[PDB]
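Below: structure10.txt (compact mmCIF, N, CA and C atoms)
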```txt
# COMPACT_ATOMS: atom_id res chain seq x y z
N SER A 335 -22.14 18.68 -48.41
CA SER A 335 -21.82 17.81 -49.53
C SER A 335 -20.74 16.80 -49.15
N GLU A 336 -19.82 16.56 -50.08
CA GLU A 336 -18.71 15.65 -49.81
C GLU A 336 -17.79 16.17 -48.72
N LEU A 337 -17.76 17.49 -48.50
CA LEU A 337 -16.94 18.04 -47.43
C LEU A 337 -17.50 17.67 -46.06
N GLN A 338 -18.83 17.63 -45.93
CA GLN A 338 -19.45 17.21 -44.69
C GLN A 338 -19.37 15.71 -44.46
N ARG A 339 -19.17 14.92 -45.52
CA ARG A 339 -18.95 13.49 -45.34
C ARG A 339 -17.62 13.24 -44.63
N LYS A 340 -16.55 13.85 -45.12
CA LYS A 340 -15.25 13.75 -44.45
C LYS A 340 -15.24 14.46 -43.11
N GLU A 341 -16.07 15.49 -42.94
CA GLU A 341 -16.16 16.17 -41.66
C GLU A 341 -17.07 15.44 -40.68
N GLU A 342 -17.56 14.27 -41.05
CA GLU A 342 -18.32 13.42 -40.15
C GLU A 342 -17.53 12.20 -39.69
N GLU A 343 -16.89 11.50 -40.64
CA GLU A 343 -16.08 10.34 -40.27
C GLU A 343 -14.85 10.76 -39.48
N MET A 344 -14.31 11.95 -39.74
CA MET A 344 -13.19 12.43 -38.94
C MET A 344 -13.65 12.88 -37.56
N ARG A 345 -14.81 13.53 -37.47
CA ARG A 345 -15.33 13.95 -36.18
C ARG A 345 -15.63 12.75 -35.29
N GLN A 346 -15.97 11.60 -35.89
CA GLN A 346 -16.15 10.37 -35.14
C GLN A 346 -14.85 9.61 -34.94
N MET A 347 -13.86 9.81 -35.81
CA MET A 347 -12.58 9.13 -35.65
C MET A 347 -11.86 9.61 -34.39
N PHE A 348 -12.00 10.90 -34.07
CA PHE A 348 -11.40 11.42 -32.84
C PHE A 348 -12.17 10.94 -31.62
N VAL A 349 -13.50 10.88 -31.72
CA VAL A 349 -14.32 10.39 -30.61
C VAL A 349 -13.98 8.94 -30.31
N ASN A 350 -13.89 8.11 -31.35
CA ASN A 350 -13.55 6.71 -31.15
C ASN A 350 -12.19 6.54 -30.50
N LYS A 351 -11.26 7.46 -30.77
CA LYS A 351 -9.96 7.42 -30.11
C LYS A 351 -10.04 7.89 -28.66
N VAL A 352 -10.93 8.84 -28.36
CA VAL A 352 -11.07 9.29 -26.98
C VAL A 352 -11.81 8.24 -26.15
N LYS A 353 -12.88 7.66 -26.71
CA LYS A 353 -13.62 6.62 -26.00
C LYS A 353 -12.73 5.43 -25.67
N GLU A 354 -11.78 5.11 -26.55
CA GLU A 354 -10.86 4.01 -26.27
C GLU A 354 -9.91 4.37 -25.13
N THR A 355 -9.36 5.59 -25.15
CA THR A 355 -8.47 6.02 -24.08
C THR A 355 -9.24 6.22 -22.78
N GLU A 356 -10.46 6.76 -22.87
CA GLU A 356 -11.28 6.92 -21.67
C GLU A 356 -11.56 5.59 -21.00
N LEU A 357 -11.65 4.51 -21.78
CA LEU A 357 -11.92 3.19 -21.22
C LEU A 357 -10.67 2.57 -20.60
N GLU A 358 -9.51 2.79 -21.22
CA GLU A 358 -8.27 2.24 -20.68
C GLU A 358 -7.96 2.83 -19.30
N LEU A 359 -8.17 4.13 -19.14
CA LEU A 359 -7.97 4.75 -17.83
C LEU A 359 -8.94 4.18 -16.81
N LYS A 360 -10.16 3.84 -17.24
CA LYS A 360 -11.11 3.19 -16.34
C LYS A 360 -10.61 1.81 -15.93
N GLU A 361 -10.04 1.06 -16.88
CA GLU A 361 -9.51 -0.26 -16.55
C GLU A 361 -8.26 -0.15 -15.68
N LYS A 362 -7.39 0.81 -15.98
CA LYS A 362 -6.24 1.06 -15.12
C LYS A 362 -6.65 1.61 -13.76
N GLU A 363 -7.83 2.24 -13.67
CA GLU A 363 -8.29 2.75 -12.38
C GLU A 363 -8.68 1.63 -11.44
N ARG A 364 -9.23 0.53 -11.97
CA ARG A 364 -9.48 -0.65 -11.16
C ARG A 364 -8.24 -1.53 -11.03
N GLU A 365 -7.26 -1.36 -11.92
CA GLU A 365 -6.03 -2.13 -11.81
C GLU A 365 -5.18 -1.64 -10.65
N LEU A 366 -5.16 -0.32 -10.41
CA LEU A 366 -4.45 0.21 -9.25
C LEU A 366 -5.19 -0.09 -7.95
N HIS A 367 -6.49 -0.37 -8.02
CA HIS A 367 -7.21 -0.82 -6.83
C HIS A 367 -6.80 -2.24 -6.45
N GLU A 368 -6.71 -3.13 -7.44
CA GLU A 368 -6.26 -4.50 -7.17
C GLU A 368 -4.82 -4.51 -6.68
N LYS A 369 -3.96 -3.68 -7.29
CA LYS A 369 -2.57 -3.60 -6.86
C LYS A 369 -2.42 -2.96 -5.49
N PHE A 370 -3.41 -2.17 -5.05
CA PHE A 370 -3.37 -1.58 -3.73
C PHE A 370 -3.94 -2.51 -2.66
N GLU A 371 -5.02 -3.23 -2.98
CA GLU A 371 -5.52 -4.25 -2.07
C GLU A 371 -4.51 -5.36 -1.87
N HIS A 372 -3.66 -5.61 -2.87
CA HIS A 372 -2.60 -6.60 -2.72
C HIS A 372 -1.58 -6.17 -1.66
N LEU A 373 -1.10 -4.93 -1.77
CA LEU A 373 -0.10 -4.44 -0.82
C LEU A 373 -0.68 -4.30 0.59
N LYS A 374 -1.99 -4.05 0.70
CA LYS A 374 -2.62 -4.05 2.02
C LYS A 374 -2.54 -5.43 2.66
N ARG A 375 -2.63 -6.49 1.84
CA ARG A 375 -2.53 -7.84 2.36
C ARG A 375 -1.09 -8.20 2.70
N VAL A 376 -0.14 -7.78 1.86
CA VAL A 376 1.27 -8.01 2.15
C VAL A 376 1.70 -7.24 3.39
N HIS A 377 1.17 -6.03 3.57
CA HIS A 377 1.46 -5.26 4.77
C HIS A 377 0.89 -5.95 6.01
N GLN A 378 -0.38 -6.36 5.94
CA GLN A 378 -0.99 -7.04 7.08
C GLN A 378 -0.33 -8.38 7.35
N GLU A 379 0.23 -9.02 6.32
CA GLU A 379 0.94 -10.28 6.52
C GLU A 379 2.30 -10.05 7.16
N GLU A 380 3.06 -9.09 6.63
CA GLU A 380 4.37 -8.78 7.21
C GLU A 380 4.23 -8.24 8.63
N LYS A 381 3.14 -7.54 8.93
CA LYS A 381 2.92 -7.07 10.30
C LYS A 381 2.74 -8.24 11.25
N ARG A 382 1.83 -9.16 10.91
CA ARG A 382 1.60 -10.33 11.76
C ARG A 382 2.86 -11.17 11.91
N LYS A 383 3.74 -11.14 10.91
CA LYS A 383 4.99 -11.88 11.00
C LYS A 383 5.90 -11.29 12.08
N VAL A 384 6.03 -9.96 12.09
CA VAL A 384 6.85 -9.31 13.11
C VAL A 384 6.15 -9.35 14.47
N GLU A 385 4.82 -9.27 14.49
CA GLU A 385 4.10 -9.25 15.75
C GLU A 385 4.24 -10.56 16.51
N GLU A 386 4.46 -11.67 15.80
CA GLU A 386 4.65 -12.96 16.45
C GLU A 386 6.11 -13.28 16.74
N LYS A 387 7.05 -12.65 16.03
CA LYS A 387 8.45 -12.78 16.40
C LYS A 387 8.71 -12.15 17.76
N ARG A 388 8.06 -11.01 18.05
CA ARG A 388 8.19 -10.39 19.36
C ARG A 388 7.51 -11.22 20.44
N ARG A 389 6.47 -11.98 20.07
CA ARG A 389 5.91 -12.96 20.99
C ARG A 389 6.78 -14.21 21.08
N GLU A 390 7.53 -14.51 20.02
CA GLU A 390 8.50 -15.61 20.07
C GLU A 390 9.75 -15.24 20.85
N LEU A 391 9.99 -13.94 21.08
CA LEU A 391 11.07 -13.49 21.94
C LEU A 391 10.60 -13.18 23.36
N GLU A 392 9.34 -12.78 23.53
CA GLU A 392 8.81 -12.52 24.86
C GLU A 392 8.78 -13.80 25.70
N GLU A 393 8.64 -14.96 25.05
CA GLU A 393 8.66 -16.23 25.75
C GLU A 393 10.08 -16.75 25.99
N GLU A 394 11.07 -16.25 25.25
CA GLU A 394 12.45 -16.66 25.50
C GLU A 394 13.00 -15.99 26.75
N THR A 395 12.61 -14.74 27.00
CA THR A 395 12.98 -14.08 28.25
C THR A 395 12.30 -14.73 29.44
N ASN A 396 11.04 -15.14 29.27
CA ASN A 396 10.34 -15.85 30.34
C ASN A 396 10.98 -17.20 30.62
N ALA A 397 11.38 -17.92 29.57
CA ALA A 397 12.04 -19.20 29.76
C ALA A 397 13.38 -19.02 30.47
N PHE A 398 14.11 -17.96 30.14
CA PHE A 398 15.36 -17.68 30.83
C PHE A 398 15.12 -17.20 32.26
N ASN A 399 14.02 -16.49 32.50
CA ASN A 399 13.68 -16.09 33.86
C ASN A 399 13.26 -17.28 34.71
N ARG A 400 12.65 -18.30 34.10
CA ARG A 400 12.31 -19.50 34.84
C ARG A 400 13.56 -20.33 35.12
N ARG A 401 14.51 -20.35 34.18
CA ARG A 401 15.78 -21.02 34.44
C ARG A 401 16.55 -20.33 35.56
N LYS A 402 16.47 -19.00 35.62
CA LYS A 402 17.12 -18.27 36.70
C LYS A 402 16.36 -18.46 38.01
N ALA A 403 15.03 -18.47 37.96
CA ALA A 403 14.24 -18.64 39.18
C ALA A 403 14.36 -20.06 39.73
N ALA A 404 14.47 -21.05 38.85
CA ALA A 404 14.61 -22.43 39.30
C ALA A 404 15.92 -22.68 40.03
N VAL A 405 16.96 -21.90 39.73
CA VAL A 405 18.24 -22.05 40.41
C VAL A 405 18.26 -21.29 41.73
N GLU A 406 17.67 -20.10 41.77
CA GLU A 406 17.66 -19.31 43.00
C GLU A 406 16.77 -19.92 44.07
N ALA A 407 15.87 -20.83 43.70
CA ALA A 407 15.03 -21.53 44.66
C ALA A 407 15.76 -22.65 45.38
N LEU A 408 17.05 -22.84 45.12
CA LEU A 408 17.82 -23.90 45.75
C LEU A 408 18.51 -23.40 47.01
N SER B 335 28.85 -20.08 44.12
CA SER B 335 30.21 -19.55 44.17
C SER B 335 30.58 -18.85 42.87
N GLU B 336 31.82 -19.06 42.42
CA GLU B 336 32.25 -18.47 41.16
C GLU B 336 31.49 -19.03 39.97
N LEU B 337 30.93 -20.24 40.09
CA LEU B 337 30.15 -20.80 39.00
C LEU B 337 28.84 -20.04 38.82
N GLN B 338 28.23 -19.59 39.93
CA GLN B 338 27.02 -18.79 39.85
C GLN B 338 27.28 -17.36 39.41
N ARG B 339 28.52 -16.87 39.55
CA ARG B 339 28.85 -15.56 39.01
C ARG B 339 28.80 -15.57 37.49
N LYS B 340 29.46 -16.55 36.87
CA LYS B 340 29.40 -16.70 35.42
C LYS B 340 28.02 -17.13 34.95
N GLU B 341 27.25 -17.82 35.80
CA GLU B 341 25.90 -18.20 35.44
C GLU B 341 24.90 -17.08 35.68
N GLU B 342 25.38 -15.90 36.06
CA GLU B 342 24.54 -14.71 36.18
C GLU B 342 24.79 -13.72 35.05
N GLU B 343 26.06 -13.41 34.78
CA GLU B 343 26.39 -12.49 33.69
C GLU B 343 26.03 -13.09 32.34
N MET B 344 26.12 -14.41 32.20
CA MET B 344 25.70 -15.04 30.95
C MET B 344 24.19 -15.08 30.83
N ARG B 345 23.49 -15.34 31.94
CA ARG B 345 22.03 -15.34 31.90
C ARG B 345 21.48 -13.96 31.56
N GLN B 346 22.21 -12.90 31.90
CA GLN B 346 21.83 -11.55 31.51
C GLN B 346 22.37 -11.17 30.14
N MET B 347 23.45 -11.81 29.69
CA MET B 347 23.99 -11.51 28.37
C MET B 347 23.01 -11.94 27.27
N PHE B 348 22.31 -13.05 27.49
CA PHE B 348 21.31 -13.48 26.52
C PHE B 348 20.07 -12.59 26.57
N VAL B 349 19.68 -12.17 27.78
CA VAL B 349 18.53 -11.27 27.92
C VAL B 349 18.81 -9.95 27.22
N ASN B 350 20.00 -9.39 27.44
CA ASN B 350 20.35 -8.12 26.81
C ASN B 350 20.34 -8.24 25.29
N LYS B 351 20.68 -9.42 24.76
CA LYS B 351 20.60 -9.64 23.32
C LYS B 351 19.16 -9.79 22.84
N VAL B 352 18.28 -10.37 23.66
CA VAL B 352 16.88 -10.50 23.27
C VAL B 352 16.18 -9.15 23.37
N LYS B 353 16.43 -8.40 24.44
CA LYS B 353 15.83 -7.08 24.59
C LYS B 353 16.21 -6.16 23.45
N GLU B 354 17.44 -6.29 22.93
CA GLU B 354 17.85 -5.47 21.80
C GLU B 354 17.11 -5.87 20.53
N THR B 355 16.99 -7.18 20.28
CA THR B 355 16.25 -7.64 19.10
C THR B 355 14.76 -7.37 19.25
N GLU B 356 14.22 -7.54 20.46
CA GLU B 356 12.81 -7.24 20.70
C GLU B 356 12.50 -5.78 20.40
N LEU B 357 13.46 -4.89 20.62
CA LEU B 357 13.24 -3.47 20.38
C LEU B 357 13.35 -3.13 18.89
N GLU B 358 14.27 -3.78 18.18
CA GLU B 358 14.42 -3.52 16.75
C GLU B 358 13.16 -3.91 15.99
N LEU B 359 12.56 -5.05 16.34
CA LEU B 359 11.31 -5.45 15.70
C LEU B 359 10.21 -4.44 16.00
N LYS B 360 10.22 -3.86 17.20
CA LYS B 360 9.26 -2.80 17.52
C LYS B 360 9.48 -1.57 16.65
N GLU B 361 10.75 -1.21 16.43
CA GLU B 361 11.05 -0.06 15.57
C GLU B 361 10.72 -0.36 14.12
N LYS B 362 11.03 -1.57 13.65
CA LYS B 362 10.64 -1.98 12.31
C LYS B 362 9.13 -2.13 12.18
N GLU B 363 8.42 -2.36 13.29
CA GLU B 363 6.97 -2.48 13.23
C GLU B 363 6.31 -1.13 12.95
N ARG B 364 6.89 -0.05 13.47
CA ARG B 364 6.42 1.29 13.11
C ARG B 364 7.03 1.78 11.81
N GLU B 365 8.13 1.18 11.36
CA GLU B 365 8.72 1.57 10.09
C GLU B 365 7.88 1.07 8.92
N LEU B 366 7.30 -0.12 9.05
CA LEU B 366 6.40 -0.61 8.01
C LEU B 366 5.06 0.11 8.04
N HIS B 367 4.70 0.74 9.16
CA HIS B 367 3.52 1.59 9.19
C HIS B 367 3.75 2.88 8.40
N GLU B 368 4.91 3.51 8.59
CA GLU B 368 5.24 4.71 7.83
C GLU B 368 5.35 4.40 6.34
N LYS B 369 5.97 3.26 6.00
CA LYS B 369 6.10 2.86 4.61
C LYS B 369 4.76 2.47 4.00
N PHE B 370 3.78 2.10 4.82
CA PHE B 370 2.46 1.77 4.31
C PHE B 370 1.58 3.01 4.17
N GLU B 371 1.66 3.93 5.13
CA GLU B 371 0.95 5.20 4.99
C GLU B 371 1.48 6.00 3.80
N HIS B 372 2.75 5.80 3.44
CA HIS B 372 3.31 6.45 2.26
C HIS B 372 2.64 5.95 0.99
N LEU B 373 2.55 4.62 0.84
CA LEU B 373 1.95 4.06 -0.37
C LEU B 373 0.46 4.34 -0.45
N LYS B 374 -0.21 4.51 0.70
CA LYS B 374 -1.60 4.93 0.68
C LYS B 374 -1.74 6.33 0.08
N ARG B 375 -0.76 7.19 0.32
CA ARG B 375 -0.78 8.53 -0.25
C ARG B 375 -0.43 8.52 -1.73
N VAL B 376 0.55 7.69 -2.12
CA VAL B 376 0.89 7.56 -3.53
C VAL B 376 -0.26 6.94 -4.31
N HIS B 377 -0.96 5.98 -3.70
CA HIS B 377 -2.14 5.40 -4.34
C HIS B 377 -3.24 6.44 -4.51
N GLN B 378 -3.55 7.18 -3.44
CA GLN B 378 -4.58 8.20 -3.52
C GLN B 378 -4.19 9.32 -4.47
N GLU B 379 -2.88 9.58 -4.62
CA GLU B 379 -2.43 10.59 -5.57
C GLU B 379 -2.55 10.10 -7.00
N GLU B 380 -2.07 8.88 -7.27
CA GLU B 380 -2.18 8.32 -8.61
C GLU B 380 -3.63 8.12 -9.02
N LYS B 381 -4.51 7.83 -8.06
CA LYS B 381 -5.92 7.70 -8.38
C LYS B 381 -6.50 9.03 -8.85
N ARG B 382 -6.28 10.09 -8.07
CA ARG B 382 -6.78 11.41 -8.45
C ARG B 382 -6.19 11.87 -9.78
N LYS B 383 -4.98 11.40 -10.11
CA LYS B 383 -4.38 11.75 -11.39
C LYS B 383 -5.15 11.13 -12.55
N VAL B 384 -5.50 9.85 -12.44
CA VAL B 384 -6.28 9.19 -13.48
C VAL B 384 -7.72 9.68 -13.47
N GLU B 385 -8.26 9.99 -12.29
CA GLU B 385 -9.66 10.41 -12.20
C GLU B 385 -9.89 11.74 -12.90
N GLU B 386 -8.87 12.59 -12.99
CA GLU B 386 -8.99 13.87 -13.68
C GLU B 386 -8.61 13.80 -15.15
N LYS B 387 -7.81 12.80 -15.55
CA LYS B 387 -7.57 12.59 -16.97
C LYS B 387 -8.85 12.17 -17.68
N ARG B 388 -9.67 11.35 -17.02
CA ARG B 388 -10.95 10.97 -17.60
C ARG B 388 -11.92 12.14 -17.62
N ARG B 389 -11.77 13.09 -16.69
CA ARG B 389 -12.51 14.34 -16.77
C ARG B 389 -11.90 15.27 -17.80
N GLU B 390 -10.60 15.15 -18.06
CA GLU B 390 -9.96 15.91 -19.13
C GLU B 390 -10.28 15.35 -20.51
N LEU B 391 -10.76 14.11 -20.58
CA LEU B 391 -11.25 13.53 -21.83
C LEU B 391 -12.76 13.63 -21.98
N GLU B 392 -13.50 13.64 -20.87
CA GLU B 392 -14.95 13.80 -20.94
C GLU B 392 -15.33 15.17 -21.51
N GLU B 393 -14.47 16.17 -21.33
CA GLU B 393 -14.72 17.50 -21.89
C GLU B 393 -14.25 17.62 -23.33
N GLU B 394 -13.37 16.73 -23.79
CA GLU B 394 -12.95 16.77 -25.18
C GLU B 394 -14.03 16.21 -26.09
N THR B 395 -14.76 15.19 -25.63
CA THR B 395 -15.90 14.69 -26.39
C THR B 395 -17.02 15.72 -26.42
N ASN B 396 -17.23 16.44 -25.32
CA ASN B 396 -18.24 17.49 -25.30
C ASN B 396 -17.86 18.63 -26.23
N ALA B 397 -16.57 19.00 -26.25
CA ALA B 397 -16.12 20.05 -27.16
C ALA B 397 -16.29 19.63 -28.62
N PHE B 398 -16.03 18.36 -28.92
CA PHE B 398 -16.24 17.86 -30.27
C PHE B 398 -17.72 17.74 -30.60
N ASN B 399 -18.56 17.43 -29.60
CA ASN B 399 -20.00 17.40 -29.82
C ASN B 399 -20.56 18.80 -30.05
N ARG B 400 -19.96 19.82 -29.43
CA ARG B 400 -20.40 21.19 -29.68
C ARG B 400 -19.94 21.66 -31.05
N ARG B 401 -18.75 21.23 -31.48
CA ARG B 401 -18.30 21.55 -32.83
C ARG B 401 -19.19 20.88 -33.87
N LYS B 402 -19.65 19.67 -33.59
CA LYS B 402 -20.57 18.99 -34.49
C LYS B 402 -21.96 19.63 -34.44
N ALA B 403 -22.41 20.01 -33.24
CA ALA B 403 -23.73 20.62 -33.12
C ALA B 403 -23.77 22.02 -33.72
N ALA B 404 -22.66 22.76 -33.62
CA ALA B 404 -22.61 24.10 -34.19
C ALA B 404 -22.68 24.09 -35.71
N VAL B 405 -22.26 23.01 -36.35
CA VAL B 405 -22.33 22.90 -37.81
C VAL B 405 -23.70 22.42 -38.26
N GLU B 406 -24.30 21.48 -37.53
CA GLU B 406 -25.61 20.97 -37.92
C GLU B 406 -26.72 21.99 -37.72
N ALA B 407 -26.47 23.04 -36.94
CA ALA B 407 -27.43 24.11 -36.74
C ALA B 407 -27.47 25.09 -37.90
N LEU B 408 -26.69 24.85 -38.96
CA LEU B 408 -26.65 25.74 -40.11
C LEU B 408 -27.64 25.30 -41.18
```

Would you mind giving the structure from this file in structure tokens?
Amino acid sequence: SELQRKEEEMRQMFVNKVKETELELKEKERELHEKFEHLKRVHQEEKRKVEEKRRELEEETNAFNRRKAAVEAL
Amino acid sequence: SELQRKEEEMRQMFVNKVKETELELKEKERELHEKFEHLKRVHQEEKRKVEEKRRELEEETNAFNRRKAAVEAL
């Protein structure tokens, strides 16, 4: 009767609240994927930055070795 | 002569400074690897946390569907 009417809209009111929360976690589940692919790019960028500074220093020792070799050849 | 003595210790003083900086970048290059493997674990942990909350909600809808089905069977 009228008791089953209220026992239907309430039984769906909880479902509608779970379906909404179930969907937000799904959206946050792809949001942490985007935030993780971002840090993978920042990591790969910061790595290449340091990897070329060591190449920018490997050539400074060579330049100093050529300055030393150019003098010892006299 | 004495000019080449100072032109030797100075030529090595710059090298010793580059070799020190070249090594720090190498140590920081593995430090960003450890800091990146850490966030990969935090990401994989936070993912599994959300992935089971949606399984903790998928069973709440089933429990409510069984409560609804148990009444309609009367």

Checklist entry - If we count all atoms listed in the file, which residues of chain A reach to within 7 Å of chain B? Please list them as JSON, numbers by chain. => result {"A": [349, 352, 356, 359, 363, 381, 384, 388, 391, 395]}

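The gap separating atom C of residue 386 of chain A from atom CA of residue 403 of chain A is 24.5 Å, in Å to one decimal.
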
Item to check | Interatomic distance, atom C of residue 393 of chain B to atom N of residue 351 of chain A (Å, one decimal) | outcome: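 Spanning atom C of residue 393 of chain B to atom N of residue 351 of chain A is a straight-line distance of 12.9 Å.
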